[PDB]
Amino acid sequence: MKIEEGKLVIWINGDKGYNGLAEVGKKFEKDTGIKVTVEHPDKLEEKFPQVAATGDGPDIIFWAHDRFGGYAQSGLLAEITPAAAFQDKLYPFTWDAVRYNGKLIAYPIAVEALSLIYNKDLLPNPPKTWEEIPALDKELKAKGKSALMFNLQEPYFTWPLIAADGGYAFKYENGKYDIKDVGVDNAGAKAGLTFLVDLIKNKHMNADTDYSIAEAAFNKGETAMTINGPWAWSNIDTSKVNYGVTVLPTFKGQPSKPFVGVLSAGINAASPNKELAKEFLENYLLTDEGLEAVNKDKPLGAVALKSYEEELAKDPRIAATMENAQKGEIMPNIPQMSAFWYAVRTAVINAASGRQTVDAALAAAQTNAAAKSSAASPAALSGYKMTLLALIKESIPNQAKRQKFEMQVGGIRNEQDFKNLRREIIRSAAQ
């Protein structure tokens, strides 16, 4: 289905404040007459690239920033054009998360970091260390409860522990990521995953626990602690559990190092509604009133808009969010992040199951994370890229098409990639 002109379709994850976003959409419609439809499809981070590659999909995509370099390199994202005066309204550290190869590729919305969330009735003082959690579990088990439940199906939640004593995604030096140097199989990563697997082997956690199961257990007062982000606070408030949000536990005397996400909004390169999307994002969503509507539905975290974050940062739950963020890393946004996350997802699930050792799981993850296709020689690759750039500038009269094709040129790695992109450019017809 072609993207409808004179309408905005927005995709956002189902754990986010989509109903509040729809309220901002209602205001946009009141003022402009343009309908805004918000959807939250399953497997969004996969659905978007698959559908947008066909030239279709939502006008606006929301996800954490880590996936956006890959979307941009695939030609799925428009270059955004915020004026300096608009840029000044948002924190510089959030703009840096949505810059790729020298250009802005999305609008930053809010900073997400995992925290330890604990039930103050069950546990007045939260543990400072991971190592003390088995003993805590033993006492809570005696009471028919447990110490800790969190999602073991998404490696986002386990990463802070894997990273604590030295695990890393890609080596980051001189401001550049070396995609051949993956750190998921070093001593630190092994130690962190081993600790997780031991918690499971010793019946302090269950490998099958997912988002829904952990949330229900915490929100029904069955488990003393969970690990989650700001979006989860709404449902805890509803449950009336008396909870705190705090610094993650240390492991081997090192802070846990969560990978920090910036919820970001990109504009589909194929959208015929780029100006409407800019108007909605800049002048409806990224305002005190817009962010309040979304935040009241599900908390966004530490919002990128200075004027509204001034108020939200009073909250100790936001202070704890940023305490954790400061101990972790803003995620890379490079295209290889998808392969990294696949590799670690697989390793955590397989090791947690008890059917594969940690060392075997992480050895495979190291190989899986760095996997890439054949490379042309550097000389040949530069010649292909320069050919395509000149071809695009000569032959593609539509600006958005030129801009997306030039981003695609950045991702070619070999002669086959060159030939395929050449075919895409030559086949292009009147817009």
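In this text, residue numbers run from 1 along the sequence as written.
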Comparing mean C-alpha B factor in the record for 89-97 and 232-240, the higher one is 232-240
Comparing mean C-alpha B factor in the record for 395-403 and 58-66, the higher one is 395-403
Residue set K327, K314, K103, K201, per-entry CA B-factor max assigned to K201
In this crystal structure's PDB entry, the residue among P255, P258, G354, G167 with the greatest CA B factor is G354
The third of the chain into which the C-alpha temperature factor of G290 falls is the middle
Among the modelled residues of its chain, the C-alpha B-factor of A390 falls in the third labelled lowest
Temperature factor at the Cα of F340, chain-ranked in thirds, falls in the middle
Chain thirds by Cα B factor, record data; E323 belongs to the lowest
In terms of its chain's C-alpha B-factors, the third that includes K306 is the lowest
